[PDB]
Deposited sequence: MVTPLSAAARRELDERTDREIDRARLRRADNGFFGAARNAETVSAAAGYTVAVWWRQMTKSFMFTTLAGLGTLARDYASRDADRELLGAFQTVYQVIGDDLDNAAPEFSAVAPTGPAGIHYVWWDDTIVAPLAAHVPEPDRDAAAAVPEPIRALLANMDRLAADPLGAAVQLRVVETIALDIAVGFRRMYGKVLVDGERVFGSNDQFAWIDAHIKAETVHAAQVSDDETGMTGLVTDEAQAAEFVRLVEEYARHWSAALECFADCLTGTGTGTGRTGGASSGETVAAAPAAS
């Protein structure tokens, strides 16, 4: 339980390395290179996929926290478990209640600020006007990779380590995705005009960029892990979850290169 914590963290980054999730390796982040004016339709398709992915992420992570809590009503928890418990609760509050100042400063109030709602409202909606009603059945269909990620989430919703796994993996990729979104949606043209013209139209993306970059410079999630039996399962779950995340982001990449 001593260097064990250090090895778990280093192994987890190894799993994320291997899953091809790093800035350099995942095809989606190369969307920067795809100056090819992202089609409004391509932007809509990814935006609608992302809406469900982030909605599921938030709800199944809160569900995963509830699952842990179920167990600790009875079992006595060390001060270290309780602190990681608190951390998970705090971190989840960003997506559900804009708890962090980088978000509350700018996000809409109340349920309008739930990040899958805020995203649906300022990204999915503008692009819908520029996409035909028949064309919107291309997103109504979620590719197997994206459906596999959502089902991994559903499983982790019921797993005593699911919150820890989802937050640990997503926090490492969150900035690259948010920068990928600012690049790709900055290249959506309607007869040569940016659908997303002004800076304020990017509020969601830039609050995440800000929140995430300052985070990665001021440094645990694995604090929930106690037995080496748990650490083994954590890595196993991380392997599965990171892999699904990468192939889902690959669908974003293929979408940009039809």
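In this entry, the deposited residues absent from the coordinate set span 1-5, 225-229, 269-292.
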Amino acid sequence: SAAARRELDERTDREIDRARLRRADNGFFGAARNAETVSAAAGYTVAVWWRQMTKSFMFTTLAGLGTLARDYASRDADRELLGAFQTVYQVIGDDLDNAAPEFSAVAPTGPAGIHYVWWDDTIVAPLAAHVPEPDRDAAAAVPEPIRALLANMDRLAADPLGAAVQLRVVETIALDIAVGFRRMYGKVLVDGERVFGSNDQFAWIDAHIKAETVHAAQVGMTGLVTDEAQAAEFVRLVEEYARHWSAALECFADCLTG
From here on, numbers count along this sequence of modelled residues.
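Comparing the deposited coordinates for 104-112 and 184-192, the stretch with the larger average C-alpha B-factor is 184-192.
In this entry, 120-128 shows the higher mean Cα temperature factor of the pair 120-128 and 162-170. Looking at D176, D97, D154, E133, the one whose CA carries the top B-factor in the deposited record is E133.
By the numbers in the PDB entry, the CA B factor is greatest at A42 among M53, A63, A207, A42.
Residue-level temperature factors show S74 in the highest third of its chain, judged at the C-alpha atom. In this PDB entry, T67 carries a Cα temperature factor that places it within the lowest third of its chain's modelled residues.
Annotation for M58: C-alpha temperature factor in the lowest third relative to the rest of the modelled chain, per the entry. Among all modelled residues in its chain, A139 ranks in the highest third by Cα B-factor.
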